[PDB]
Amino acid sequence: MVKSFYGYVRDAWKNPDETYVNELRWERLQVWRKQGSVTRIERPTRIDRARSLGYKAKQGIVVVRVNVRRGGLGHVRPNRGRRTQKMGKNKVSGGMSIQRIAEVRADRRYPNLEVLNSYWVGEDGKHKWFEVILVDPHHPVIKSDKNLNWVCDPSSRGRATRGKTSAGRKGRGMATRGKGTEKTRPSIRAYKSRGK
Amino acid sequence: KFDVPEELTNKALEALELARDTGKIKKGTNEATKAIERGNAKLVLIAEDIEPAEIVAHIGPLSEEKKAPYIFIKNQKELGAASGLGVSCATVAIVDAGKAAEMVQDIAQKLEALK
Amino acid sequence: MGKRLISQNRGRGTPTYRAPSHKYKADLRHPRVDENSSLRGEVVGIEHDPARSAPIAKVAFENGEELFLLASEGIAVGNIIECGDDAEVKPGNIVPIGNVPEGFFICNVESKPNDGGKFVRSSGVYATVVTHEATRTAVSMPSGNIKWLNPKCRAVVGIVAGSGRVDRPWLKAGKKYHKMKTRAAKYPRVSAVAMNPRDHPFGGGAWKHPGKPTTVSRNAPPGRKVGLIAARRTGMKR
RNA sequence: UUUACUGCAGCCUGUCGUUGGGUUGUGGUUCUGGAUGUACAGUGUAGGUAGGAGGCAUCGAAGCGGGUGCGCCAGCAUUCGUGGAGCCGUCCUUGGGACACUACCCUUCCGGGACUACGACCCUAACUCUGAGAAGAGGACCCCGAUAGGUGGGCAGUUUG
RNA sequence: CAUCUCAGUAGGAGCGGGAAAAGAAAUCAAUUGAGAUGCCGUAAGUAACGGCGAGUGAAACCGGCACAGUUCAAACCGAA
Ligand SMILES: [Mg+2]
Ligand SMILES: [Mg+2]
Ligand SMILES: [Mg+2]
Ligand SMILES: [Mg+2]
Ligand SMILES: [Mg+2]
Ligand SMILES: [Mg+2]
Ligand SMILES: [Mg+2]
Ligand SMILES: [Mg+2]
C-alpha cells in the first residue's frame, strides 16, 4: 500500500509498549526528568500528531514540553464547621483535566503567543508530559497566511484560559450533540453550572 | 550488522552525485519512502544523526522486507549537499541510475558482503 | 478545637521555639578529603563553643583553610593532626574504623562514609570497637546498643572533652535559666494536670489528676501522643 | 467531656502503577518417547473407545534380558539383541475394557522447555541520599498516585422527649 | 436533624470585547420524516429524582426573530 511515513510513525506510537518506542522512552525519561517545568524543543516528538493538529514549519510557530504531576486536586481539610458531606476531601478529585493544566501553564509562561493544541507524549509514576503548539499572531508570516490569520482577531486573546481549545471543549461537555448535553451548551455558566 | 567501510560510503556518495547530474533521485523522507513502497529504489542512503529517531526508524525493516539495499551515512549535512540542496536531507534514494548503474550493482554486491 | 499543644507550636517554628542560631560559633564536621588524599595540620587555639558547653579546637591545614573541630580530650595547642587513610592511631588523628584495633575508644563517628560525624559528640562520651568482620564492624554506642558500621567510616580517636559536666547540681532556678537562653528549649514548663481541658488532654477537674491512663499507643494521632509514648514497662525496679 | 449517634483527618496493612536482569522450589499452562490400554493373563498389551473385525510377516515376525514405552522382570513393538512367526479372531484369554495395519483425535508420558502468579536469594542501569564535581552508600525496597480493610473525641455536625 | 434543601447561591482566582459564548450532525425521530447555531413562546410544575418526606425538575415535536456556509491533515506532483 502506497503509504506516507507519517502513517508509519502513527503505527509506531499506536502501541508504545510493544515496539522500539519503549527503549526510547527509557532513555528519554531521564533527560526529561532533569529538565524544568516548561521547555522549548525545536522539533515535535511525534510529527504525525502535530501535523494533524495544525502544525506547519514556519516562523512564529513554537512547540513546548510541559510537565504536570499526576493525581487529583490536592485539597485541604476545611478548618471550620462543615456538614459531613462537605467535610471530606481526600477522595474528591478535581474537575479539571491534566491537559488543561498543562496548556494553562504554557500560556502563563509565553505572554505574547497563543495556544493551539496539545497531545500526550509520555508518563511515569510521578509526572505526565504534554507538548503544546503555540503560534505568534504578530509575525508577518502568520499574517500573510490564509489558514492561520483567524488568530489575528480580538476574540482569540487568552484562547486557552477560556476553554476554547479542544481539550477545553471536551472538558466543557461540548464534544457531542443530543442527549446528555441539555445543560452544557452554549456554556456552563448559562445554566447555573448544573452541567459538568 | 557490520558498519560499512569508509571507502564504501564515499563510493555511495560519488554514485549519488553521478546519478544526480545524470539520472533521477528522490530525496526527502516522504518521497523516498513512497519509492521504496512502490519498489524502484536502486539504493537507499540514510543518515545517522536523527533526533527524534522515529523519522528513519521504519526504513530499515521496510527495505529489508522489500529487498532493497540500504546504506547508512554519518551526518545530514553532507547527504543534503550531495542531493543538490542548501538544507540537510535525512534520506535520499537512487530511483534511476541514469549512468551510475555499475556503481549501483557493485555497491549492492559490497553490501551483500558486509551483511 | 481545643487549642494546639506545645509540640505542634514547635512544629510551626514560631520565634519562641527557634534556636538563636547567631550565637553559635560554627558547625562541626570532618575535613573533606578526596580519594587517596591525606592532609595534615597543627592546632592553633582551643576555644569555647556555646552550642554544646564544651571546648573546640581551631586547626589550620596545609591548603590554607582553617576549620573548627570537635575537641577530644588532651588536645593541646601546637599538636599536628594527620586526618586521612594513612594516619596512624594516636589521640587526635582521624582514621577509618576498619583499621582501628579492638578495645580502642573513638568518637565523632559517621553514619555513611563522608558525613563528617554524627554519633558520640556530647561531653565526655565515647564508643568502642568490638569486632572486625570482613564487611562490617560493630561498635558499642554510648547508649548501650551495638551498631554495624561500614569499614570505610571516619572517626577521631579518643573521648570527647568536657567529661563530668553533670556532676555539679544546679541548686537554683537561675543557673538553669542562664543555660536555657542559648538553646531553643523553653523554660520554665507548666505541668499538664494544672491546665484547662482546652489546653491539654490531661487538664481540668476539681482536683489535679490525669483521669485517664498516661501510657499512649504508638498509633495515636498528633495532638494526643502525650505521656508515656508506647511504653513497654513502668515504675522503678522492685 | 465520653465506651452517646453519624462522619472526617492522621497512622497500620493488602492489591494495582512507577518497575528492570538472573538463581532456583512451586503448579498447571503447554509438548514429546508408547495407546502407554495389563487382573477371568496373554497364542495378544482392552493398538482407548471402535464398521464386535482381516491388513501386516526371512519380501521381518515370536516368547527373553538389568527387563526397551511400560506393566503382573508376562510381552503386543522390531528396538541393543534373541531365537529365526506374532497373523485376524467367524479358537474373541467368547471381554470392566476383547483386542488386527492409513492412525494413539484422547488412561498417559509428563527435558515439562514455554508467558504467567507465589516465597527466598543475587546483580545494576531506573530511582533515593550525600558531595561543587569525580565519586560514595542504598536499590527495584522506600517515597509517590489510586483503591480495600482496620484503629481513630485528634477534629466536625447534631441529639439527650 | 444527618441524606435532601439553602445552592453551584454568597465569596474567591484567571482571561476578556463592544458585545461574548455557541455553531455547520458519528443529531433528533419512528415505522415512511426533519435538516447548523443562538434567543423568545409552549410542552409543564409533566416525565424524572427524593428520610418516595419537605422539596428539586427537564428536553424533543410545534410557532416566531434572524439567516450563510466553509477551511486544514492524507492519498497525486516534490521547492514550482
Ligand atoms: Mg511555575
Ligand atoms: Mg465568537
Ligand atoms: Mg480534649
Ligand atoms: Mg464534639
Ligand atoms: Mg444547623
Ligand atoms: Mg487586561
Ligand atoms: Mg466552535
Ligand atoms: Mg439544585
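Residues numbered from 1 in each chain as written, not as in the entry; some residues may be left out. Chains lettered and ligands numbered in written order. Part of a larger assembly, values for the part shown. Heavy atoms only, no water.

For this entry, the PDB record names cryo-EM as the structure determination method and reports a resolution of 2.85 Å.

A.B. asks: A description of the arrangement of the chains should follow, citing residues and the corresponding values.
C.D. replies: Spatially, chain A and chain C are disjoint, and the shortest separation between their C-alpha atoms is 9 Å. The two units chain B and chain C never meet; even their closest C-alpha atoms stay 38 Å apart. (Contact = heavy atoms within 4.5 Å.)

A.B. asks: Give me the sheet that holds strand β2 (residues 54–61) of chain C: which residues, what numbers.
C.D. replies: Residue and element names in this part refer to chain C. What the four strands build is an open sheet, ordered β3-β2-β1-β4; its pairing is antiparallel. Either end of the sheet is taken by a strand with one partner, and the two such strands are β3 (66–70) and β4 (80–81). Pairing analysis gives five bridges linking β2 to β3, with the strands arranged antiparallel. Within β3, the position partnered with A57 by the bridge is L69. (Pairing = 2+ DSSP bridges. Helix = DSSP H or I, 4+ residues; strand = E, 2+ residues; numbered from the N terminus.)

A.B. asks: I'd like a rundown of the sheet that holds strand β10 (residues 154–157) of chain C, residues and numbers included.
C.D. replies: Residues and elements named next belong to chain C. Pairing within the open sheet is antiparallel, and its six strands lie in the order β5-β10-β6-β7-β8-β9. The open sheet has two free edges, formed respectively by β5 (94–96) and β9 (146–149), since each of these has just one partner strand. Averaged over neighbouring strand pairs, the angle between their axes works out to 45 degrees when direction is ignored. In this sheet, strand β8 (residues 137–140) lies alongside strand β7 (residues 127–132) in antiparallel orientation, the contact comprising four bridges. Its bridge partner lying in β8, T128 is registered against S140. (Axes fitted to C-alpha atoms, helices over the stretch in contact; angles between N-to-C directions.)

A.B. asks: Describe the protein's contact with RNA strand D, with residues and values.
C.D. replies: With respect to spatial proximity, 28 residues lie near RNA strand D, and among them A:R33, C:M1, C:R32, C:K212 and C:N219 are the closest. Sugar and phosphate atoms represent 72% of those atoms of RNA strand D found within 4 Å of the protein. With respect to RNA strand D, the backbone of A:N90 contributes an N or O atom lying 3.3 Å from a phosphate oxygen. Partitioned by chemical class, the residues of the surface near RNA strand D number six nonpolar, eleven polar and eleven charged. (Near = heavy atom within 4 Å. Polar contact = N/O pair within 3.5 Å; in protein donor to acceptor, adjacent residues only side chain to side chain. Nonpolar A, V, L, I, M, F, W, Y, C, P; charged D, E, K, R; others polar.)

A.B. asks: Can you tell me about the packing of aromatic side chains, naming the residues and giving the values?
C.D. replies: Tallying each qualifying case throughout the model produces five aromatic pairs over all chains. On the numbers, 5.7 Å between centres and 80 degrees between planes, the contact of B:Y70 with B:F72 is edge-to-face. B:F72 gets classed as partly exposed once you look at its relative accessible area, which sits at 25%. Positioned over the ring face of A:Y8 is A:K3, at 5.4 Å from the centre of the ring. (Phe/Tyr/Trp six-rings, centres within 6.5 Å; stacked < 30°, edge-to-face > 60°. Buried < 20%, exposed > 50% of the residue type's maximum accessible area, 1.4 Å probe, protein only. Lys NZ or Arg CZ within 6 Å of the ring centre and 35° of its normal.)

A.B. asks: Before we move on, could you go through the protein's contact with RNA strand E and cite the residues and values that matter?
C.D. replies: The full set close to RNA strand E counts 33 residues, and A:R83, A:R157, A:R177, A:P186 and B:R38 are the nearest of them. A share of 83% of the atoms of RNA strand E within 4 Å of the protein falls on sugar and phosphate groups. Between RNA strand E and the protein, one listed contact pairs a phosphate oxygen with a side-chain N or O atom of A:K146 at 3.3 Å. Interatomic distance of 3.1 Å between a side-chain N/O atom of A:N147 and a sugar or linking oxygen of RNA strand E. At four residues, the largest contribution of residues to the surface near RNA strand E is made by helix α2 (residues 29–38) of chain B. Broken down by class, the residue content of the surface near RNA strand E amounts to four nonpolar, eleven polar and 18 charged.

A.B. asks: Report on the pattern of salt bridges, specifying residues and quantitative values.
C.D. replies: Residues and elements named next belong to chain A. Under the counting rule described, the total for this entry stands at twelve salt bridges over all chains. With its nearest N and O atoms 3.7 Å apart, the salt bridge here joins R33 to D124. Of this pair, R33 sits in helix α2 (residues 21–34) while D124 sits in the loop between β3 (114–123) and β4 (127–135); the two residues are 91 residues apart in sequence, bridging distant segments of the chain. Residue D124 is classed as buried on the basis of its relative accessible area of 16%. Put simply, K58 and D145 hold a salt bridge, and the shortest N to O gap is 3.5 Å. Of this pair, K58 sits in the loop between α3 (47–52) and β2 (61–69) while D145 sits in the loop between α5 (140–144) and α6 (166–171), placing them 87 residues apart in sequence. (Salt bridge = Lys/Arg side-chain N within 4 Å of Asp/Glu carboxyl O.)

A.B. asks: So what's going on with the pairing of β4(A)? Which residues, and what values?
C.D. replies: All names here are of chain A. Burial runs high along β4: eight of the nine residues are buried. Sheet analysis places β2 next to β4, joined by nine bridges and oriented antiparallel. Following the sheet pairing, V63 is matched in β4 by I133. Inspection of the sheet shows β3 paired to β4 by eight bridges, in the antiparallel sense. Across the sheet, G122 pairs through a bridge with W129, a residue of β4. Linkage of β3 to β4, two consecutive antiparallel strands, is achieved through a turn of three residues.

A.B. asks: Which residues make up a nonpolar patch on the surface, and what values do they have?
C.D. replies: The grouping of C:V130, C:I146 and C:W148 at the surface amounts to a nonpolar patch, some 290 Å² of accessible area in total. In this structure, C:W148 sits in strand β9. (Patch = residues over 30% accessible without salt bridge, like charges linked within 9 Å, V, L, I, M, F, W, Y side chains within 5 Å. Areas by Shrake-Rupley, 256 points an atom, 1.4 Å probe, with all protein chains shown as cover.)

A.B. asks: Explain the nonpolar core residue by residue, including any values.
C.D. replies: Counting 24 residues, the largest nonpolar core has C:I97, C:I106, C:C107 and C:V139 as its most contacted members. Leaving out residues up to four positions away in the same chain, C:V139 has contacts with C:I106, C:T128, C:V129, C:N145, C:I146, C:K147 and C:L149. Within the second largest apolar cluster, 19 residues are counted, among which are B:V4, B:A19, B:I25 and B:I73. (Core = buried A, V, L, I, M, F, W, Y, C linked by side-chain atoms within 4.5 Å.)

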